[PDB]
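Only one structure is covered here, and it is reproduced in the block below.
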Amino acid sequence: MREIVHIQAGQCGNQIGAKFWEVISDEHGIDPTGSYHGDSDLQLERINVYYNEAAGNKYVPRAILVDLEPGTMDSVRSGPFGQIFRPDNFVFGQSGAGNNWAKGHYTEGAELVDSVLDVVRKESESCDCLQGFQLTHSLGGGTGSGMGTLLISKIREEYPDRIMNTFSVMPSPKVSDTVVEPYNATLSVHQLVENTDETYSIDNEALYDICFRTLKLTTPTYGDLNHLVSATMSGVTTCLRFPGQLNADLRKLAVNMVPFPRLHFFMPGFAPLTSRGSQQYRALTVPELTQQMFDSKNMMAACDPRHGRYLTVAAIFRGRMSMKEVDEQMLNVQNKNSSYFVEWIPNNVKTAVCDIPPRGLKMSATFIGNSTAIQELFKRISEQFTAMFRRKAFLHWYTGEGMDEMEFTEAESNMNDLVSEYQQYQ
Amino acid sequence: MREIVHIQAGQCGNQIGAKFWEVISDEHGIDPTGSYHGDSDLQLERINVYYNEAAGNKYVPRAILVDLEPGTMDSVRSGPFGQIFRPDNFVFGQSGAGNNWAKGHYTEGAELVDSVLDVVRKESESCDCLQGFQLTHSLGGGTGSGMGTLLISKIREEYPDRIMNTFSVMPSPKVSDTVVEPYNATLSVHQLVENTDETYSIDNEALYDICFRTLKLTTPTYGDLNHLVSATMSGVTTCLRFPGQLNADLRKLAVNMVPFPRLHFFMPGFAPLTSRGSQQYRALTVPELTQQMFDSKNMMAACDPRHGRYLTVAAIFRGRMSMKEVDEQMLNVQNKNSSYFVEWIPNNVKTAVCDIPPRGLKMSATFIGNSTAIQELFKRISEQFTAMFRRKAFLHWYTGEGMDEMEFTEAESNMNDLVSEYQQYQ
Amino acid sequence: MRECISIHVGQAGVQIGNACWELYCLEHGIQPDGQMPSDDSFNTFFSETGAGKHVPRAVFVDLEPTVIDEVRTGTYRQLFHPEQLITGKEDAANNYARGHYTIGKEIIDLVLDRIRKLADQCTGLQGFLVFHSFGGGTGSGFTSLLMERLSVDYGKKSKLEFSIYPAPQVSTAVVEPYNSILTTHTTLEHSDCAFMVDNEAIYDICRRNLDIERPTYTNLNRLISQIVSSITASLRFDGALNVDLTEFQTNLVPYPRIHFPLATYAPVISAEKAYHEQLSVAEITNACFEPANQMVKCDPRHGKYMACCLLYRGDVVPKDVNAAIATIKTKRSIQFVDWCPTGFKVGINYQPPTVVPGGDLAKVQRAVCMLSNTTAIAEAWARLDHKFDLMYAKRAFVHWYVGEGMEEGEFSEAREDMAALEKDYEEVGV
Amino acid sequence: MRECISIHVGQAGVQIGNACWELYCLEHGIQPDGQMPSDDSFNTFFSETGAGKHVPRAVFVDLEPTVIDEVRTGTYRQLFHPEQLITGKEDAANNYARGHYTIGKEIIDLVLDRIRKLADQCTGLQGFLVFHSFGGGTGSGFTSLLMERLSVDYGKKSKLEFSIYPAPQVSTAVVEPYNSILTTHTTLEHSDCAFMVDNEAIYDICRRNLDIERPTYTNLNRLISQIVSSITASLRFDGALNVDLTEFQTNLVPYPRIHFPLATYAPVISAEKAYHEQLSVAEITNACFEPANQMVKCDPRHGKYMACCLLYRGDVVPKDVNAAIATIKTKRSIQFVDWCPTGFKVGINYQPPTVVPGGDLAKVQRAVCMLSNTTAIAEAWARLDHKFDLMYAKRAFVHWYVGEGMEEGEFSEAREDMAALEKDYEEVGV
Ligand SMILES: CC(=O)O[C@H]1C(=O)[C@@]2(C)[C@H]([C@H](OC(=O)c3ccccc3)[C@]3(O)C[C@H](OC(=O)[C@H](O)[C@@H](NC(=O)c4ccccc4)c4ccccc4)C(C)=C1C3(C)C)[C@]1(OC(C)=O)CO[C@@H]1C[C@@H]2O
Ligand SMILES: CC(=O)O[C@H]1C(=O)[C@@]2(C)[C@H]([C@H](OC(=O)c3ccccc3)[C@]3(O)C[C@H](OC(=O)[C@H](O)[C@@H](NC(=O)c4ccccc4)c4ccccc4)C(C)=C1C3(C)C)[C@]1(OC(C)=O)CO[C@@H]1C[C@@H]2O
Ligand SMILES: Nc1nc2c(ncn2[C@@H]2O[C@H](COP(=O)(O)OP(=O)(O)OP(=O)(O)O)[C@@H](O)[C@H]2O)c(=O)[nH]1
Ligand SMILES: Nc1nc2c(ncn2[C@@H]2O[C@H](COP(=O)(O)OP(=O)(O)OP(=O)(O)O)[C@@H](O)[C@H]2O)c(=O)[nH]1
Ligand SMILES: Nc1nc2c(ncn2[C@@H]2O[C@H](COP(=O)(O)OP(=O)(O)O)[C@@H](O)[C@H]2O)c(=O)[nH]1
Ligand SMILES: Nc1nc2c(ncn2[C@@H]2O[C@H](COP(=O)(O)OP(=O)(O)O)[C@@H](O)[C@H]2O)c(=O)[nH]1
Ligand SMILES: [Mg+2]
Ligand SMILES: [Mg+2]
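Chains as they are written, first to last, in full-length UniProt numbering: chain A, 1 to 426; chain B, 1 to 426; chain C, 1 to 38, 46 to 437; chain D, 1 to 38, 46 to 437.
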C-alpha cells in the first residue's frame, strides 16, 4: 500500500537520511532496536510505507545506504539509530569519490551501482504497491552529486511510472567548503531536470539563516541542519501515513505543483519554528502558522520569493483544525500578496490537512513552493562554473576519469535552459 | 665504513703524525698500550676509521711510518705512544735523504717505495670501505718533499677514486733551517697540484705567530707546533667518527671547497685558542668562536686573507649548539666582510656540526679556507728558488742523483701556473 | 419496495456518506452495529437479514485506501457489508484521467458487480443517489466512468447526483477547474437531477446561522445529509403530500438538459437562537428565498425561477403552506419565468428533522428543503469556465492528463459542451 | 585500509622522520618499543603483528651509515623493522650525480624491494609520503632516482613530497643551488603535491612565536611533522568534514604542473603566551594569512591565491569556520585569482594536536594547517635560479658532477625546465 523506497548517497545524504530515520521512527513509535513501542494504532496502520515487517514484530526501514567510503557507514551503523538498518542494505566501496563527479558517475560508483541496484530490486519486489523513490543527497562533492544521479538514471529507466522524489542539498557562494562545487553541481542538475518528478532544493546558507534568525541557536551544527531538512521530508509524505480531512499523495502534489514538466524544483519550509525561550509567548493557531510559513526567512533555499512569482505552493497542514480557517488563510495570502503569484493560474495554493500533528506539536505545516526565484540558485552556480571553466581550471581531475569538455559545455547549456524556463514565466 | 689510511714521511711528518695519534687516541679513549679505556660508546662506534681491531680488544692504528733514517723511527717507537703502532708498518732505510729531493724521489726512497707500497696494500685490503689516504709531511728537506710525493704518485695511480688528503708543512723566509728548501719545495708542489684532492698548507712562521700572539707561550717548541697541526687534523675527519646535526665527509668538503680542480690548497685554523691565564674570562659561545676563527692571526699559513678573497671556507663546528646561531654567524661574516669573498659564488661558507666536542672543550671549530692569498706562499718560494737557480747554485747535489735542469725549469713553470690560477680569480 | 442504491465516490462522497449513514441510522433507530431494538420505513435505505441486522443499500468507492480504511475501523465498521467498501491501491492524484482511463479502469467491474448484487435485492428500485466531488480525480473521473456504465446497465432508473462543486474564492487544488469541466458530459448525458453544492456557501451559512466561527468538513456534511434525508423522506415516511422520486423530477425539470437545481434548507439555526424566534411555516418558507441561504455562491435575484419543490417535513399543514407561497408570489424580487404560472410543487411529510446528537443544529418542529430550478446557477458555471480558460490558454497542467491516456481534444470538447449548457440556461429565461 | 608508505631520504628526511615517528607514536599511544597498552586509527601508519607490536609503514634511506646507525641505537631501535632502515657505505658528498648515477645506483633495488614488501601489506594504499632535502646529494639525487622508479612501479598512487628547500640568506653548502635545480624535473614529472619548506622561515617563526632565541633542527622537525600529522589526520581520525588524500589534491591543484603549495600551521605558540590570548577559530584562521607564518621566505601579498585547504583539527565547528573565511574574503590584501570564486576547501577533524612532551609548543584545543596554492612561491624559485646562474656562468663546481657520470647539458636542461615552471606560475595569475 503506497510503499516508498528510500536511498541515501554520500556523507550529506546519509546524514540527513540517518536523522530522517530517527524522526519517522519517533512518529511511528519504533524503538532504536526496531521493535514497536508506540501509543496508537494509527502509528502501526501505515508502518509498511517506510518499514518492512520482520520476525518477532521487528520493523526494518526500507533504506538503501550508498557511499564510496566505509567511514560514513561506520558513523551511521554506530549512531543513535544505526542498528535499525538491514546489514545487506549498506552498499559501499573503499576508495572515495575525491569530491569528483566523474569518480561518482564513471569509475568508482559505476563499479558499485550493479551492487546497489540489485538491492533496490529486493526492496521494490518486497513492496505490495510501490508509489516511489525518496533519494537524499548533496550536489556539491562527488558521491551524492555523481553516483546519486547515476542511480537516479538507473532506477528511472527500470521504474518509469513510479514517483522519483529527491531531497537535494546544494551549493551557495557564502557557505562553501569545496573548490569544485560549481562543476559537480552543474553536472548533477543536468540529470535532475530530466529524470526526477520532484526535486526539493535545500541550501546550508538558508538552513543556517533559520538557525540564527528564527531558532536563535548560538552554535548550530550539521545535526541541527539535518533536523530542519528531515522535518520537511516527514512532512510531504504525511498524507500516505496518517488519516486527514484532505489527503494528498506525492503524485497529488506533483499534478498540482508541476505546471510544465521540467519546473519541478521546489523550495521547502516548516512551521511552527521558534526559539526554545519564546515558545511560551506564541499562539500556534493556523493564521500564525501561515504568516511564518510564507515568510522569506522560513524557506530552506537562499532565493528570496520576493525576487519572483510562485507558480504553485502546497501547504500540507497537520493537526485538528478548521477547513474554513485553512481555506480563508490560503486565500488571504495569495490575494494580499497577488504580485508574488503567477496570474495565469487562478488559484496558486494546494492545501492538505492531516488529523495527526507531529509528536509534541498541536499543529504543523510543511510548505512546498515552486517559484521563479529558484532561478537565482541555478544562475549563481552557473556564474561560478563559468569562471573556472573559461580557464579550464581543475578539469584534468575530471578528464582523467574519461570525461570531456563537451560534457561540461552541455551541462552548463542545460543549466541556462532551466534558468530560462523559470525566467520565462516571471 | 669510510676507513682512512694514514702515512707519515720524514722527521716533520712523523712528528706531526706521532702527536696526531696521541690526540685521536685521547678522543677515542685508547690507552698507550692499544687497549680501550674510554667513557662512551660513541668513542668505540667508529674506531675502525683510524684503527684495526685486534685480539684481546687491542686497537692498532692504520698508520704507515716512512723515513730514510732509523733515528726518527727510534724516536717515535720510544715515545709517549710509540708502542701502539704495528712493528711491520715502520718502513725505513739507513742512509738519509741529505735534505735532497732527488735522494727522496730517485735513489734512496725509490729503493724503499716497493717496501712501503706493499704495506699500504695490507692496510687498504684490511679496510671494509676505504674513503682515503691522509699523508703527513714537510716540503722543505728531502724525505717528506721527495719520497712523500713519490708515494703520493704511486698510491694515486693504484687508488684513483679514493680521497688523497695531505697535511703539508712548508717553507717561509723568516723561519728557515735549510739552504735548499726553495728547490725541494718547488719540486714537491709540482706533484701536489696534479695528484692530491686536498692539500692543507701549514707554516712554522704562522704556527709560531699563534704560539706568541694568541697562546702567549714564552718558549714554544716543535711539540707545541705539532699540537696545533694535529688539532686541525682531528678536526676535518670528525664528521666520519662522531654523529652530528650536519655530517660532512672529506669528499663532502672537497665538492664544496674545490671550485676548479687544481685550487685545492687550503689554509687551516682552530678555535677556541687562549692563553691558559685568560681561559677564565672568555665565553666560548659560537659568535666568539667565529670572530677568532676568521681572524688573520688564527690561520696556520703566513698568507693574510686580507691580501685576497676566499673561494670557499668550511667551518666544521663541534659541540651542542644552535643551527640558527651557526647559520646566522656564517651569514654575518661573509656579508660584513663581503670584499674578502669571491662574488661569483653566492654563498662561500660550508658548515658542519658534530654533537661531540673535543675532550675538555664545550665547543670547537676547525676552519678550512681556500683563498687567493695562498698565492703569496707559492710566490715567495718561487722568488727564492729563482735567485739560486739563475746561478745554478747547489744543483750538482740534484744532478748527481740523475736529475736535470729541465726538471727544475718545469717545476718552477708549474709553480707560476698555480700562482696564476689563484691570482686569476682575485 | 421503494429502494435507493447510494454510491459514495472519492473522499468527499465517502465523508458525506459517513454523515448520511450517521443520520439514517438515527432516523430509523438502527444501532451503529446494524441491529434495531424495540413498519418497513427503513426499507428504502436498508436490506434486513434474518438475524435482525439492517445492512445499508450503499457502495463506498475510493481509488486509495485511507478514507475507507477509516470507515472499516470507526464506529460503523459493523454496519456495512465488508465487500461493498471498495478500495484500490493507487490515488487518482486530482487527475481526471487517472480516475477515468488508467486506475479506475481496474476497479469498475468490481464496483458494478456490487451494484448488481444490491439491485437484485431491490423489489422496486426507485433510483441511484450518487455522492462525489467535482474537483477530485476519483470524484470526476471515476464517477464519470461509473455513470456511463450505469446509464447502459440501468437506463430507465433515475440517477440523482450530489456534487461538491468549486467555489468563487475557496479552492483546495490548482486543477479543480479542469476536473470540473471534464465532468460536465457526465451530468448532462448520464444524470437525471444534479444537486450542485459549494463549500464556501455552506461555510458562510455556518458563520451566520449556526454561530460557529471556524467549521470543519463534519459541519458541512451534516447539512448535505439533512437535504438528502429531506429529498428521500417521502419515500420513507407517511405525509399529507408524499412526493415520489419521479414526481419530484416531473415538477423540477422543464427540459431534458435543464436539471441542475439549487437546494437550500430551513431553519439552519443554532440551538441558542432557536428559543428567541418562533420558526413558523411562513418564516422558514421565506428563509429559502434569501441569497443568504443558497448553498451555491450565486444570487437568485440575477435569475428567474422555473420551478420550486418546497419539501416540508414535521409539523406542517397545507393551509399554512398555501398562505406562505401566496406571499412568495406577492414579492416582485422573486421573479419566475412567464411560462411557469404554477411555479411550486409542494410536498408535506409527517416526520420531524432528526438531530445528530453531536451536531451544531437545533431541534425544530418543522423543516423545509427547497429544491429549485433557476437561471441564476449559470453564474457558478460562468465563474469556473473563466478559471479553465486562463490555464488552458497556457496548456498549464495538460501534460499530466495527456500522459495518463486522455485525448488533448477532450478539453476543447468539454469547454464546448459547458458553453452549450450555459447557453441553454440563458436561452430559457426569455 | 587507507595506508601511507613514508619514505625518509638523506639526513634531513631521516631527522624529520625521527620527529614524525616520535609524534605518530604519541598520537596513537604506541610505546617506543612498538607495543600498545590499554579502533584501527593507527592503521594508516602502522602494520600490526600478532604479538601486539605495531611496526611503522616507513623506509629510512641514506647512502652513508651515520644518521641511520643513530636511529638503530636510540629510543626507536625497537620500533622499526631492521631491514627497512637502509644504509650504503659511501656518502653522496652534496653531489647530485653521486646520489643519482654512481652510489645510489647500488642501493635502489634494495630500497624498492622494501617498498614492495610494504605495499603488499597495504589493503588500500592511499599514497607515498616522501621526505628529503633539496640541497643534499642523497636528498636530490637519490630521491630523484627513487621517484622515477616509483612513478613506473606505482603510477596511479599519489606521491606527496615534503622538501627542505634552500633559503634567501641561510645556507649550509656552496652547491645547494645546483642540487636544487637538478631536482626540479623530479617534482614536475614524478610528484603529485610538493610541499616546499624553508629553514630560515621556520627559524623566524621560532624567534617570534615560540620565544626561543637560538633553535636547533629538532625544533624545526617538530613543526614539519605537526603539518604532516595535520595533512594525514583525516585519514586516521573521525571528523565533521574528513578530507581524502585525493580530495585534498582535487581542490589544491588547478593544473597538472601547478602543485607546489605553501603550508603554514596555527597556533604556533609558546606555552607562556597561550594563557594570555584565547586562540579562537577566527584568530588561528587569520594567523595563516600573515607573511609572518609562511614556512617559505616569500610574501603572499606579492601573489594571488588559487586555492586554500584549511585543515582544522580539535575543537572546531563548521559555523565558526564559515564565519572566519567570510572575513578572509572581506580583506582586500588577501587576493585570489578571478577564476577561483570558491577559493577554500575546508576539512574539520575531531582530534586535537598532540604535544610532544619535550617540545617548545603549547597545548591548544584547536589547530589549523593551511595548505595553499599561490603565485607568490615563484619568488623562492626566482631567488635560487639567480644563485645557480652566477655559478654556472663560471662552470664553478661542474667538474665534480661531470666526473661522476652526469651529462654537462643536464644543467642547461634543468635551468630551462625551472624557467618553464616559473613561467607557468606567472602565466596563471592573470
Ligand atoms: C514544549 C515544546 O513546544 O517543545 C518543542 C519546542 O520547544 C520547539 C522550539 C521545537 C524544538 O526543535 C528544536 O529544538 C530544533 C532544533 C534544531 C532544528 C530543528 C528543531 C524541539 O526540540 C522539537 C520537538 O518536535 C518533535 O519532537 C517533533 O515530533 C519532530 N521530531 C523531532 O524533533 C525529533 C527529535 C528527536 C528525535 C526524534 C524526533 C517532528 C518534526 C516534523 C515531523 C515529524 C516530527 C518539539 C515539538 C519541541 C522540542 C522538543 C523542544 C521546534 O521544532 C519543531 C519541529 O517543532 C523548533 O521550532 C519548533 C517549535 C517548538 O516550539
Ligand atoms: C680547563 C681548560 O679549558 O683547559 C684547556 C685550556 O686551558 C686551553 C688553553 C687549551 C690547552 O691547550 C694547550 O695548552 C696548547 C698548547 C700548545 C698548542 C696547542 C694547545 C690544553 O692543554 C688542551 C686541552 O684540549 C684537549 O685536551 C683537547 O681534547 C685536544 N687534545 C689535546 O690537547 C691533547 C693533549 C694531550 C694528549 C692528548 C690530547 C683536542 C684538540 C682538537 C681535537 C681533538 C682533541 C684543553 C681543552 C685545555 C688544556 C688542557 C689546558 C687550548 O687548546 C685546545 C685545543 O683547546 C689552547 O687554547 C685552547 C683553549 C683552552 O682553553
Ligand atoms: N463538504 C465537504 N467537502 C469535501 C470533503 N472532502 C473533500 N471536499 C471537497 O472536495 C474537493 C476536492 O476533491 P477530493 O477530496 O480531492 O476528491 P477525490 O475524489 O478524493 O480526489 P482524488 O484524491 O484525486 O481521488 C475540495 O473542493 C474539497 O473542499 C468533505 O468531507 N466534505
Ligand atoms: N629542518 C631540518 N633541516 C635539515 C636537517 N638536516 C639537514 N637539513 C637541511 O638540509 C640541507 C642540506 O642537505 P643534507 O643534510 O646535506 O642532505 P643529504 O641528503 O644528507 O646530503 P648528502 O650528505 O650529500 O647525502 C641544509 O639546507 C640543511 O639546513 C634537519 O634535521 N632538519
Ligand atoms: N546539512 C548537511 N550538510 C552537510 C553534511 N556533511 C556535509 N555537508 C555539506 O554539504 C556538502 C556535502 O558534500 P559531501 O556529502 O561531503 O560529498 P560526497 O560525500 O562526496 O557526496 C559539504 O561540502 C558540506 O558543506 C551534513 O551532515 N549535513
Ligand atoms: N712542526 C714541525 N716542524 C718540524 C719538525 N722537525 C722539523 N721541522 C721543520 O720543518 C722542516 C722539516 O724538514 P725534515 O722533516 O727535517 O726533512 P726530511 O726529514 O728530509 O723530510 C725543518 O727544516 C724544520 O724547520 C717538527 O717536529 N715539527
Ligand atoms: Mg481522492
Ligand atoms: Mg647526506
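Note that beta-carbon positions come from the ideal geometry of N, C-alpha and C, so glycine has one too.
Boundaries of the alpha helix (DSSP H) in which residue i is found, first to last residue
i, result
"residue 56 of chain D", "Looking at the DSSP string, residue 56 of chain D is not in any alpha helix (DSSP H); the run it does join, the beta strand (DSSP E), is 53 to 56."
"residue 422 of chain B", "405 to 425"
"residue 17 of chain D", "10 to 28"
Any non-hydrogen atom of ligand 5 closer than 8 Å to residue i Cβ
i, result
"residue 208 of chain D", "no"
"residue 15 of chain A", "yes"
Whether residue i touches residue j by CB criterion (9 Å)
i, j, result
"residue 320 of chain D", "residue 268 of chain D", "no"
"residue 425 of chain C", "residue 344 of chain A", "no"
"residue 250 of chain D", "residue 231 of chain D", "no"
"residue 204 of chain A", "residue 169 of chain A", "yes"
Those residues which DSSP pairs with residue i across a bridge
i, result
"residue 53 of chain A", "A:59"
"residue 67 of chain A", "A:92"
"residue 133 of chain B", "B:5 and B:164"
"residue 35 of chain C", "C:60"
Contact test: residue i Cβ vs ligand 7 heavy atom, cutoff 8 Å
i, result
"residue 50 of chain C", "no"
Backbone CA spacing between residue i and residue j [nearest angstrom]
i, j, result
"residue 178 of chain A", "residue 391 of chain D", "34 Å"
"residue 70 of chain A", "residue 79 of chain A", "14 Å"
"residue 272 of chain B", "residue 372 of chain B", "25 Å"
"residue 246 of chain B", "residue 351 of chain B", "8 Å"
"residue 271 of chain D", "residue 302 of chain D", "6 Å"
Continuous beta strand (DSSP E) stretch holding residue i: start and end
i, result
"residue 317 of chain D", "312 to 321"
Residue i CB to nearest heavy atom of ligand 1 below 8 Å
i, result
"residue 213 of chain A", "no"
Any non-hydrogen atom of ligand 6 within 8 Å of residue i CB
i, result
"residue 169 of chain B", "yes"
Closer than 9 Å to chain F by CB, residue i
i, result
"residue 345 of chain D", "The chain labelled as chain F is not found among the protein chains of the depicted structure, namely A, B, C and D."
heavy atom of ligand 4 below 8 Å from residue i C-beta
i, result
"residue 314 of chain B", "no"
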